[PDB]
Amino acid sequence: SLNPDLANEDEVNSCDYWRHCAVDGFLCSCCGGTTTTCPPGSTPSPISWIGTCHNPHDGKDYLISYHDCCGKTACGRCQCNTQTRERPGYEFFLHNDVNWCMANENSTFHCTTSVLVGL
């Protein structure tokens, strides 16, 4: 449940995959990267929106950091717009209608993912 690299790609590349519960953007795993690796030539964001998602496979709740990969034009693949627990900009780090590449050397948005922090 916790190791997308061992899962069927069709499963991880779906907006319904449990950890993608507050993703607004193109899944990096569909863009030549993996859940935890930027596509070649795109740069991880040092900041992100965050939140928790429920894992119905093990029945536990996990903290997720929705980092972007940046400095390449829009990947265009696997667009998701899921919004579990997402809140407006007055709770800024829970908000996904802003470009989390915004403080990168080049802020062009390429793709987004869901990085597993912990329980």
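Numbering starts at 1 and runs along the sequence shown.
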When the C-alpha temperature factors are averaged for each of 56-64 and 73-81, which stretch ends up with the higher value in the entry? 56-64
Per the entry, higher mean C-alpha B factor between 6-14 and 98-106: 6-14
Select lowest, middle or highest to describe the third in which the CA B-factor of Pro88 falls within its chain in this entry. lowest
Lowest, middle or highest third: which one holds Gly51 when the chain's residues are ordered by CA B-factor from the entry? highest
